[PDB]
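In what follows, a single structure is set out as structure tokens and then discussed.
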Amino acid sequence: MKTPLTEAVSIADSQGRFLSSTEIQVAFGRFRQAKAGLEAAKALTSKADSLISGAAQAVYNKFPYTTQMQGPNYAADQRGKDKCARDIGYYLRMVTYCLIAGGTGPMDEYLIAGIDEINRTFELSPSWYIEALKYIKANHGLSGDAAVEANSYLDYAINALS
Amino acid sequence: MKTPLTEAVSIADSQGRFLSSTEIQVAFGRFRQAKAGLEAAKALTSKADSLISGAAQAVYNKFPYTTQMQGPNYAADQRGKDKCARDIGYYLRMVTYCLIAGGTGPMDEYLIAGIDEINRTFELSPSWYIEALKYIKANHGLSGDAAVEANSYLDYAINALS
Amino acid sequence: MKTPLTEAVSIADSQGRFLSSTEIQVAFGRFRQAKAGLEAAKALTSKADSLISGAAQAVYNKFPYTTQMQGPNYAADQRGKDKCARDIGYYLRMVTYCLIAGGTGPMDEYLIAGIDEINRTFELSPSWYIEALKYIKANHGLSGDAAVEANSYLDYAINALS
Amino acid sequence: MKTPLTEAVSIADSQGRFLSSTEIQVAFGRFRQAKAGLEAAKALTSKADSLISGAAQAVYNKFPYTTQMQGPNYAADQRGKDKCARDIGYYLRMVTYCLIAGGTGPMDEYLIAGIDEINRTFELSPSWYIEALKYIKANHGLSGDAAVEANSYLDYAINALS
Amino acid sequence: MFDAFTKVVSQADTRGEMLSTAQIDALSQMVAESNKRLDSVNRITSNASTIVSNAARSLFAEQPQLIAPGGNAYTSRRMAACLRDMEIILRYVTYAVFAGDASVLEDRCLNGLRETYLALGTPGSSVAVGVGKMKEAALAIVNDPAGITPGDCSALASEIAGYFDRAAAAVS
Amino acid sequence: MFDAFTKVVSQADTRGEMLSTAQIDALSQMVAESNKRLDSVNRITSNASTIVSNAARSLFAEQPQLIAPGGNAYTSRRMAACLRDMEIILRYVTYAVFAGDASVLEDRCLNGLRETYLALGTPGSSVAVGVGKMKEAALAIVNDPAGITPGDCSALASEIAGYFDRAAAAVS
Ligand SMILES: *[C@H](C)[C@H]1/C(=C/c2[nH]c(/C=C3N=C(/C=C4\NC(=O)C(CC)=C4C)C(C)=C\3CCC(=O)O)c(CCC(=O)O)c2C)NC(=O)[C@@H]1C
Ligand SMILES: *[C@H](C)[C@H]1/C(=C/c2[nH]c(/C=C3N=C(/C=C4\NC(=O)C(CC)=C4C)C(C)=C\3CCC(=O)O)c(CCC(=O)O)c2C)NC(=O)[C@@H]1C
Ligand SMILES: *[C@H](C)[C@H]1/C(=C/c2[nH]c(/C=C3N=C(/C=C4\NC(=O)C(CC)=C4C)C(C)=C\3CCC(=O)O)c(CCC(=O)O)c2C)NC(=O)[C@@H]1C
Ligand SMILES: *[C@H](C)[C@H]1/C(=C/c2[nH]c(/C=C3N=C(/C=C4\NC(=O)C(CC)=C4C)C(C)=C\3CCC(=O)O)c(CCC(=O)O)c2C)NC(=O)[C@@H]1C
Ligand SMILES: CCC1=C(C)/C(=C/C2=NC(=C\c3[nH]c(/C=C4\NC(=O)[C@H](C)[C@H]4CC)c(C)c3CCC(=O)O)/C(CCC(=O)O)=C2C)NC1=O
Ligand SMILES: CCC1=C(C)/C(=C/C2=NC(=C\c3[nH]c(/C=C4\NC(=O)[C@H](C)[C@H]4CC)c(C)c3CCC(=O)O)/C(CCC(=O)O)=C2C)NC1=O
Ligand SMILES: CCC1=C(C)/C(=C/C2=NC(=C\c3[nH]c(/C=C4\NC(=O)[C@H](C)[C@H]4CC)c(C)c3CCC(=O)O)/C(CCC(=O)O)=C2C)NC1=O
Ligand SMILES: CCC1=C(C)/C(=C/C2=NC(=C\c3[nH]c(/C=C4\NC(=O)[C@H](C)[C@H]4CC)c(C)c3CCC(=O)O)/C(CCC(=O)O)=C2C)NC1=O
């Protein structure tokens with residue numbers, strides 16, 4: 001759970017010392033971040049369902065074979081589409097959780113830490129999730145510094161994928 | 001109904017071929033036209049009633065005999081003025097319809113195709129309608145390329161009249 | 001010679017009428033097309049010789065039997081390769097001519113109208129020319145809307161072939 | 001259905017007259033033809049299956065690429081060979097039908113009339129069928145005037161192909 | 001023979017009044033997405049011969065009775081006429097999605113071709129299934145963004161599938 | 001039936017090579033001034049009925065023998081045919097300056113109408129003078145600018161007067 005206040009406490013604890021001005025600098029910076037990041041997370045919460053459906057449709061568009069071939073890993077049947085869009089919403093929910101938490105900790109603990117072996121065991125290409133995250137980071141519709149750090153979290157998920 | 005997309009489909013159908021880049025050139029041109037023409041049609045819709053009354057008054061001004069002599073073709077009585085200004089509004093409505101449709105098709109199908117025999121049978125001089133269309137094309141108050149193509153449609157109606 | 005201005009004049013002549021706003025819409029659209037298409041044709045003129053050699057090598061690569069078997073239709077000898085790459089350059093020159101003309105007219109009059117009976121009489125498979133046109137449309141290296149309509153003309157040649 | 005008696009009736013009908021000695025000359029000639037042609041058609045019926053397999057093997061021999069490359073038009077898989085030898089047997093059956101009918105009518109109505117557009121749409125080279133018909137006309141094993149007119153029908157199919 | 005714009009014009013003339021504002025905003029959005037309509041139309045048009053060959057390829061794999069002797073599409077001439085009928089249907093679909101109205105597709109094919117296939121002895125079921133498979137392959141070819149900017153084709157998949165289902169149901 | 005672009009394409013194909021660069025710069029300048037041509041053409045087109053009526057108005061003031069009984073344009077039917085012939089000539093002039101090539105004007109009128117006027121007994125001189133006066137009035141109507149952004153119509157005046165003189169000389 002790599003969030004700034006948690007890792008500041010971990011630094012001060014591993015050093016064995018009290019808190020210094022360094023952690024207070026970390027804190028006024030974290031409050032500066034959260035002062036826009038919380039409203040941006042609320043805006044993503046508002047636009048979430050349409051973003052999930054648009055990402056799923058873009059993923060079906062770029063990879064049309066997954067809709068066609070019979071296979072339980074592919075979303076040819078309906079249960080594949082339910083589970084599929086469920087993990088689209090999982091990715092978007094982890095993006096909002098990292099927007100609230102202020103660090104890549106929630107996605108690192110809920111998504112990243114086992115995603116490679118899961119995609120290895122289940123024959124899931126990570127490029128599908130890369131395409132979906134690219135569609136989300138194109139279509140989230142935020143502006144300014146909140147948009148840049150949202151794109152930062154999504155690009156972090158992309159780099160963790162491939 | 002000579003509108004550009006309809007006649008492009010007619011060309012491609014009579015040739016027996018698929019659509020080519022020619023029709024797509026026709027299309028980006030038609031969208032360029034409509035991008036101002038729809039707003040100009042809305043502006044004419046706004047100014048329509050005063051334009052109709054001004055055209056009727058200019059027609060009574062240039063041809064004062066029509067207000068004076070007894071005759072059911074002339075607008076001496078009140079029913080002549082009701083029917084008269086009704087066909088003024090007919091002409092203006094056909095101008096707006098051709099502005100929306102993007103071609104001379106609606107006026108060619110609703111006005112032009114029988115107007116000569118109607119004015120022959122009913123003792124209506126077409127010069128009255130020419131004067132009214134001249135007053136409309138003087139007083140419509142548009143500007144720029146929308147104004148030029150509006151004047152194009154009105155001049156087309158004038159040339160079809162006489 | 002199906003080019004947009006020529007077919008607009010043919011429409012207005014067969015209808016027996018003057019030019020209307022429809023042909024002017026066709027015209028501002030055609031000028032919009034040519035404003036990038038002429039520079040794209042110049043760029044294809046620049047890259048033409050390497051594209052011709054690459055298409056010929058890709059055709060020899062996908063169909064290696066044509067280099068091996070003795071036959072005057074096949075390019076086993078050197079004169080087959082001279083004539084062969086000559087008709088590669090013919091196809092590319094017709095693509096550039098349709099890029100300048102703004103319609104499929106030049107290829108329709110210079111290539112398409114007899115190509116089926118020629119390939120029937122001469123034992124030429126049209127799939128060779130389909131492979132060459134696919135290599136050209138992959139390797140022409142243009143970008144944007146010029147690239148899309150260049151691919152449109154090449155795909156039109158492909159559909160006319162088979 | 002260009003058979004001699006049918007076309008004699010068509011001549012006498014289009015002229016609007018009765019039958020003359022010309023059609024009876026046509027008839028004693030047609031009976032002279034059929035008096036050997038029916039037995040030759042029976043002999044081809046006897047040798048048909050081995051001729052079909054030999055033609056298919058000669059076609060695979062002269063064009064070895066069709067057995068190798070993956071493609072649904074090529075007979076690399078087994079269904080290509082089933083369909084392939086099916087149309088070999090189609091060609092041989094049409095040859096026997098024209099031998100019985102006494103004219104090129106059955107092949108002209110069942111094979112020739114659409115074969116060019118079919119080979120254009122399906123990427124089938126007609127030279128394959130030319131090689132197969134050449135193998136059949138070499139290996140049919142008839143003798144005399146029946147053999148010459150059998151070769152006439154097969155050469156007619158070859159000239160209609162390419 | 002109607003456009004979208006001529007359809008609104010004919011409806012406004014039957015009403016007898018001017019065009020209302022909300023129809024003009026709808027037509028403005030149509031003019032904004034008409035090129036969008038078009039991109040699918042051009043990428044649909046460029047692959048037309050592949051579409052009809054793959055459609056007949058799957059159809060005659062699916063119903064081998066048509067290829068079988070005595071079948072309706074058995075004869076070489078009849079099979080060429082079969083591919084011609086399919087290509088004509090695809091072309092008028094492309095025309096209707098060009099003009100944005102189904103009235104061209106109705107006008108040019110629908111009212112007569114059902115009776116034509118009855119009178120010819122043509123099975124309407126096979127050509128209905130072929131138009132359905134051709135439409136499925138057409139939307140599948142249109143929806144994939146290969147070398148195309150990111151946009152939204154939602155409503156136009158809706159419209160194209162509408163045109164194809166209208167053709168398949170008018171065939172029957 | 002040729003454009004400017006199809007004219008360069010046919011010349012480059014008769015040469016057998018690609019289009020040279022200077023022809024492409026010429027065609028780029030043509031594409032820059034083609035609207036210039038289009039704007040001039042539209043103000044020529046809008047006043048066409050006034051042009052032909054004023055042309056016949058000055059011509060029949062000038063040669064009253066045509067209006068005189070026994071004259072070639074005396075009869076009401078023949079006079080209507082006279083105005084029809086003039087309007088046709090003006091329309092094909094507008095077509096040729098639309099496409100930017102005189103080959104459409106040649107194709108549609110010139111080769112036959114001289115022999116037609118000989119065979120009809122039509123005096124070629126009067127219709128030649130009428131086409132000349134109509135062309136003079138057409139350039140005079142085109143060259144004046146009213147509520148139009150300033151532009152050089154002069155390059156066109158050369159071309160339009162060329163087309164009118166070609167028509168008047170092919171009539172003779
Ligand atoms: C649609 C987006 C694409 C697709 C998805 C797909 N995934 C699975 C199966 C699993 N997906 C996950 C992923 C997560 N679980 C999580 O808890 C989180 C973070 C909160 C993620 C990202 C897991 C663990 C599974 C296995 C569990 C399971 O089997 O249900 C399926 C079902 C396939 C399956 O049996 O295993 C699908 C369809 N596949 C596609 O085709 C789309 C491109
Ligand atoms: C006032 C503008 C001038 C005038 C007009 C006038 N017209 C009529 C009669 C008819 N006018 C039309 C014209 C149209 N009908 C259409 O549907 C359209 C396009 C939508 C047009 C232009 C027709 C068909 C008639 C005959 C129908 C009818 O008789 O009502 C009248 C009434 C005269 C009459 O009995 O026929 C009048 C007064 N006359 C003037 O004096 C004004 C200069
Ligand atoms: C293949 C999908 C199915 C099929 C097709 C088939 N059609 C015909 C014959 C005709 N088809 C038409 C249809 C049209 N003509 C038109 O002008 C238009 C719209 C512009 C349509 C839709 C007509 C008029 C005919 C008869 C005249 C002709 O040349 O084509 C045939 C051949 C029948 C014959 O005996 O020749 C075939 C095979 N039939 C099938 O088996 C499939 C179900
Ligand atoms: C549809 C299935 C996919 C999609 C398409 C899409 N296109 C655009 C925008 C444009 N497309 C073109 C294409 C052309 N213009 C031309 O003149 C020609 C030659 C005939 C072509 C091929 C252009 C030029 C535009 C707009 C202008 C420009 O690009 O310069 C968009 C967005 C913009 C719009 O609405 O027009 C979209 C979405 N996008 C997808 O994601 C679909 C899979
Ligand atoms: C301007 C438009 C245009 C085209 C397209 C065109 C094609 C064309 N190619 C021809 C021959 C040919 N075409 C090929 C081409 C090939 N064979 C191969 O093995 C290769 C795969 C491929 C190389 C591209 C060859 C080798 C010949 C000479 C064979 C011959 O005698 O007929 C011929 C017969 C003329 C001749 O015999 O020399 C024509 C008309 N002519 C034209 O005027
Ligand atoms: C009665 C007269 C008659 C003829 C001639 C005929 C030919 C014919 N051959 C076809 C396909 C075919 N034709 C071939 C033939 C060959 N390919 C090869 O590689 C070999 C060289 C050759 C073997 C002889 C093959 C393999 C197919 C199946 C390919 C396909 O999907 O279209 C098809 C398309 C039908 C289908 O796809 O199954 C027709 C109509 N049909 C007829 O009704
Ligand atoms: C598309 C190109 C085209 C042209 C150019 C054309 C000319 C043409 N002008 C004709 C008659 C005519 N043309 C004229 C015109 C004139 N005679 C005069 O006295 C004046 C010198 C001049 C007026 C400018 C007249 C008066 C006739 C009538 C002759 C008659 O009806 O006996 C006729 C005889 C048939 C008929 O009009 O109804 C033809 C074919 N037709 C065409 O299809
Ligand atoms: C088909 C409907 C249609 C018309 C009619 C049309 C005309 C038209 N003429 C224009 C420009 C122009 N038009 C002229 C024309 C002239 N100036 C003179 O002084 C000369 C006497 C005369 C030529 C003989 C000029 C000089 C310009 C300047 C801008 C330009 O070069 O386009 C422009 C540029 C864009 C604009 O004005 O908003 C338009 C729209 N555009 C259209 O879409």
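Residue names in the structure tokens use chain letters A, B, ... in the order shown, residue numbers from 1 in each chain, and ligand numbers from 1 in the order shown.
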(message) Give me the residues near residue 13 in chain B as a PyMOL selection string, where near means some atom within 10 Å (using only C-alpha atoms) and where sequence neighbours in that chain fewer than 2 positions away do not count.
(response) (chain B and resi 7-11+15-19) or (chain E and resi 88+91-92+95+108)
(message) Just want the 8 Å neighbourhood of residue 55 in chain E, counted on only C-alpha atoms, with same-chain residues fewer than 3 positions away dropped. Output as a ChimeraX atom specification.
(response) /E:51-52,58-59,130-131,133-134,137
Can you write just those residues out, C-alpha atoms, as an mmCIF file, in the first residue's frame?
data_model
loop_
_atom_site.group_PDB
_atom_site.id
_atom_site.type_symbol
_atom_site.label_atom_id
_atom_site.label_comp_id
_atom_site.auth_asym_id
_atom_site.auth_seq_id
_atom_site.Cartn_x
_atom_site.Cartn_y
_atom_site.Cartn_z
ATOM 1 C CA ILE E 51 -17.770 -9.555 -48.513
ATOM 2 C CA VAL E 52 -19.918 -11.167 -51.206
ATOM 3 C CA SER E 58 -20.132 -19.568 -45.974
ATOM 4 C CA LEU E 59 -23.625 -19.945 -47.466
ATOM 5 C CA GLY E 130 -26.964 -14.933 -46.944
ATOM 6 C CA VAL E 131 -27.937 -11.279 -46.563
ATOM 7 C CA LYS E 133 -24.393 -13.297 -42.880
ATOM 8 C CA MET E 134 -23.212 -10.615 -45.308
ATOM 9 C CA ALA E 137 -19.571 -9.645 -41.853
#
(request) Would you please work out which residue, of F:13, F:62, F:33, F:136, is nearest to ligand 5 when using only C-alpha atoms and all ligand atoms? (result)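 That would be F:13, the residue with the smallest distance to ligand 5.
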(message) When you look at residue 50 in chain C with a cut-off of 12 Å (counting only C-alpha atoms), what residues show up, excluding the ones that are within fewer than 3 positions of it in the same chain? I need them as a ChimeraX atom specification.
(response) /C:44-47,53-57,85,88-89,92,135-136,139-141
Output C-alpha atoms for every residue in the selection just made, as a CSV table (one decimal), in the first residue's frame.
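Printed below is selection02.csv as written:
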chain,number,residue,atom,x,y,z
C,44,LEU,CA,3.9,8.9,-54.7
C,45,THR,CA,5.7,10.2,-57.8
C,46,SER,CA,8.8,10.5,-55.5
C,47,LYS,CA,8.6,7.1,-54.0
C,53,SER,CA,10.7,-2.9,-57.1
C,54,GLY,CA,9.3,-3.8,-53.7
C,55,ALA,CA,6.0,-4.8,-55.1
C,56,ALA,CA,7.7,-7.0,-57.7
C,57,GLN,CA,9.9,-8.6,-55.1
C,85,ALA,CA,7.7,-4.5,-63.6
C,88,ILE,CA,3.6,-2.8,-62.0
C,89,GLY,CA,4.6,0.7,-62.9
C,92,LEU,CA,1.2,2.7,-59.9
C,135,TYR,CA,2.1,-4.3,-51.0
C,136,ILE,CA,1.8,-0.9,-52.5
C,139,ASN,CA,4.2,0.5,-48.2
C,140,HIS,CA,3.2,3.8,-49.7
C,141,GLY,CA,3.9,5.6,-46.5
Give me, as a Markdown table, the closest atom pair and its distance (Å, one decimal) for every residue of chain B within a cut-off of 12 Å of ligand 4, counting only C-alpha atoms and all ligand atoms, rows sorted by chain and rising number.
| residue | atom | partner | partner_atom_place_in_ligand_line | distance |
| --- | --- | --- | --- | --- |
| B:19 | CA | ligand 4 | 20 (C) | 10.0 |
| B:20 | CA | ligand 4 | 20 (C) | 8.0 |
| B:21 | CA | ligand 4 | 20 (C) | 5.2 |
| B:22 | CA | ligand 4 | 20 (C) | 8.0 |
| B:23 | CA | ligand 4 | 20 (C) | 8.0 |
| B:24 | CA | ligand 4 | 20 (C) | 4.7 |
| B:25 | CA | ligand 4 | 17 (O) | 6.5 |
| B:26 | CA | ligand 4 | 20 (C) | 9.4 |
| B:27 | CA | ligand 4 | 17 (O) | 8.2 |
| B:28 | CA | ligand 4 | 17 (O) | 6.3 |
| B:29 | CA | ligand 4 | 17 (O) | 9.4 |
| B:30 | CA | ligand 4 | 17 (O) | 11.7 |
| B:31 | CA | ligand 4 | 36 (O) | 10.8 |
| B:32 | CA | ligand 4 | 27 (C) | 11.5 |
Residues just named, written with N, CA, C and O atoms as a compact mmCIF listing (two decimals), in the first residue's frame:
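Heads up, here's the output in part_35.txt:
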# COMPACT_ATOMS: atom_id res chain seq x y z
N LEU B 19 -20.03 3.14 -54.77
CA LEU B 19 -19.64 4.52 -54.54
C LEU B 19 -18.12 4.66 -54.62
O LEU B 19 -17.38 3.77 -54.20
N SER B 20 -17.67 5.79 -55.15
CA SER B 20 -16.26 6.06 -55.32
C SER B 20 -15.89 7.27 -54.48
O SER B 20 -16.68 7.75 -53.66
N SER B 21 -14.68 7.78 -54.69
CA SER B 21 -14.23 8.96 -53.97
C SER B 21 -14.96 10.21 -54.44
O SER B 21 -14.98 11.22 -53.73
N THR B 22 -15.54 10.16 -55.65
CA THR B 22 -16.29 11.29 -56.19
C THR B 22 -17.48 11.64 -55.31
O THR B 22 -17.72 12.81 -55.01
N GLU B 23 -18.22 10.62 -54.86
CA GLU B 23 -19.37 10.87 -54.01
C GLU B 23 -18.96 11.33 -52.63
O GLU B 23 -19.68 12.09 -51.98
N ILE B 24 -17.77 10.91 -52.17
CA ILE B 24 -17.30 11.38 -50.88
C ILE B 24 -16.82 12.83 -50.96
O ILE B 24 -16.92 13.58 -49.99
N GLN B 25 -16.30 13.23 -52.13
CA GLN B 25 -16.01 14.63 -52.37
C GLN B 25 -17.28 15.46 -52.37
O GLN B 25 -17.34 16.54 -51.76
N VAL B 26 -18.32 14.93 -53.03
CA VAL B 26 -19.65 15.52 -52.99
C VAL B 26 -20.16 15.64 -51.57
O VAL B 26 -20.81 16.62 -51.20
N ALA B 27 -19.82 14.66 -50.73
CA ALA B 27 -20.34 14.65 -49.38
C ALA B 27 -19.64 15.66 -48.48
O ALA B 27 -20.32 16.38 -47.75
N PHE B 28 -18.30 15.72 -48.49
CA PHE B 28 -17.62 16.73 -47.66
C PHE B 28 -17.98 18.13 -48.14
O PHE B 28 -18.15 19.05 -47.32
N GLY B 29 -18.23 18.30 -49.45
CA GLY B 29 -18.75 19.57 -49.94
C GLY B 29 -20.16 19.88 -49.45
O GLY B 29 -20.46 21.02 -49.08
N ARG B 30 -21.03 18.87 -49.43
CA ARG B 30 -22.41 19.08 -48.97
C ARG B 30 -22.45 19.41 -47.48
O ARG B 30 -23.25 20.26 -47.05
N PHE B 31 -21.60 18.76 -46.69
CA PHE B 31 -21.55 19.06 -45.26
C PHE B 31 -21.01 20.45 -45.02
O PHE B 31 -21.48 21.17 -44.12
N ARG B 32 -20.02 20.87 -45.82
CA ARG B 32 -19.53 22.24 -45.78
C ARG B 32 -20.64 23.24 -46.07
O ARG B 32 -20.76 24.27 -45.40
(request) Excluding residue 84 in chain A and residues on its chain fewer than 6 positions from it, collect all residues at most 12 Å away from it, counting only C-alpha atoms, and give them as a PyMOL selection string. (result) chain A and resi 52-53+55-57+59-60+66-67+72-78+90-91+124+128-129+132
File of the preceding selection, N, CA, C and O atoms, as a compact mmCIF listing (two decimals), in the first residue's frame:
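So the final result, stored in out_6.txt, reads:
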# COMPACT_ATOMS: atom_id res chain seq x y z
N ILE A 52 -16.98 2.18 -19.12
CA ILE A 52 -16.77 0.73 -19.11
C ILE A 52 -17.31 0.11 -20.39
O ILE A 52 -16.64 -0.71 -21.04
N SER A 53 -18.52 0.52 -20.80
CA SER A 53 -19.11 -0.02 -22.03
C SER A 53 -18.34 0.43 -23.26
O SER A 53 -18.15 -0.36 -24.20
N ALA A 55 -15.10 1.13 -23.35
CA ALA A 55 -13.84 0.39 -23.36
C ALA A 55 -14.05 -1.04 -23.83
O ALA A 55 -13.23 -1.57 -24.59
N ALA A 56 -15.15 -1.67 -23.42
CA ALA A 56 -15.44 -3.02 -23.87
C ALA A 56 -15.73 -3.06 -25.36
O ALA A 56 -15.27 -3.97 -26.06
N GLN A 57 -16.43 -2.05 -25.87
CA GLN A 57 -16.72 -2.01 -27.30
C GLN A 57 -15.47 -1.72 -28.12
O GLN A 57 -15.30 -2.27 -29.21
N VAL A 59 -12.50 -2.65 -27.22
CA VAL A 59 -11.70 -3.86 -27.14
C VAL A 59 -12.24 -4.91 -28.10
O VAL A 59 -11.47 -5.62 -28.77
N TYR A 60 -13.56 -5.00 -28.23
CA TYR A 60 -14.16 -5.89 -29.22
C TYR A 60 -13.89 -5.40 -30.63
O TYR A 60 -13.82 -6.20 -31.57
N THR A 66 -11.89 -12.25 -30.68
CA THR A 66 -12.36 -12.69 -29.37
C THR A 66 -13.87 -12.83 -29.33
O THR A 66 -14.40 -13.62 -28.54
N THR A 67 -14.59 -12.10 -30.17
CA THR A 67 -16.03 -12.27 -30.24
C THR A 67 -16.42 -13.48 -31.07
O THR A 67 -17.55 -13.95 -30.97
N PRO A 72 -13.55 -20.46 -23.74
CA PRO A 72 -14.03 -19.91 -22.48
C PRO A 72 -13.20 -18.71 -22.03
O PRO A 72 -13.66 -17.91 -21.22
N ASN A 73 -11.98 -18.57 -22.56
CA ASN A 73 -11.22 -17.36 -22.30
C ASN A 73 -11.73 -16.20 -23.14
O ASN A 73 -11.67 -15.04 -22.70
N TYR A 74 -12.24 -16.47 -24.33
CA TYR A 74 -12.75 -15.42 -25.19
C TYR A 74 -14.18 -15.06 -24.81
O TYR A 74 -14.94 -15.89 -24.28
N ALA A 75 -14.56 -13.82 -25.09
CA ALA A 75 -15.90 -13.34 -24.81
C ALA A 75 -16.84 -13.56 -25.99
O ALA A 75 -17.50 -12.62 -26.45
N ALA A 76 -16.90 -14.79 -26.49
CA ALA A 76 -17.83 -15.10 -27.57
C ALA A 76 -19.25 -15.27 -27.03
O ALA A 76 -20.20 -14.71 -27.58
N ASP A 77 -19.39 -16.02 -25.95
CA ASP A 77 -20.68 -16.19 -25.30
C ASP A 77 -21.01 -14.99 -24.42
O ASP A 77 -20.27 -14.00 -24.38
N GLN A 78 -22.12 -15.08 -23.70
CA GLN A 78 -22.56 -13.93 -22.92
C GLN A 78 -21.85 -13.86 -21.57
O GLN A 78 -21.58 -12.77 -21.06
N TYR A 90 -13.52 -3.46 -12.83
CA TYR A 90 -12.47 -3.67 -11.84
C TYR A 90 -11.30 -2.73 -12.06
O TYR A 90 -10.82 -2.09 -11.12
N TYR A 91 -10.83 -2.64 -13.31
CA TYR A 91 -9.72 -1.75 -13.64
C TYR A 91 -10.07 -0.29 -13.38
O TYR A 91 -9.28 0.45 -12.80
N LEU A 124 -5.27 -15.17 -21.13
CA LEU A 124 -5.73 -13.81 -21.38
C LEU A 124 -4.56 -12.97 -21.88
O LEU A 124 -3.52 -12.91 -21.23
N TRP A 128 -5.37 -6.74 -24.49
CA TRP A 128 -6.77 -6.38 -24.37
C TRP A 128 -6.97 -5.33 -23.29
O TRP A 128 -7.62 -4.31 -23.51
N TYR A 129 -6.37 -5.56 -22.13
CA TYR A 129 -6.49 -4.60 -21.05
C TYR A 129 -5.73 -3.32 -21.35
O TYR A 129 -6.13 -2.24 -20.91
N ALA A 132 -8.07 -1.36 -23.53
CA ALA A 132 -9.15 -0.81 -22.73
C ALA A 132 -8.70 0.38 -21.90
O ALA A 132 -9.40 1.39 -21.80
(request) Considering only C-alpha atoms and all ligand atoms, state which residue in the set F:135, F:77, F:7, F:37 is at the smallest distance from ligand 7. (result) F:77
(request) Name all residues at most 12 Å from residue 124 in chain E (count only C-alpha atoms; drop same-chain ones fewer than 2 positions away) and give them as a PyMOL selection string. (result) chain E and resi 72+113-122+126-131+167-172
(request) Write out as a ChimeraX atom specification all residues of range 15-144 of chain A that DSSP puts in alpha helix (DSSP H) for this structure's backbone. (result) /A:15,21-46,48-62,65-68,78-101,105-107,113-121,126-139
(request) Could you tell me how far CA of residue 121 in chain D lies from atom 2 (C, counted along the ligand's line) of ligand 6, in Å and to one decimal? (result) 15.5 Å
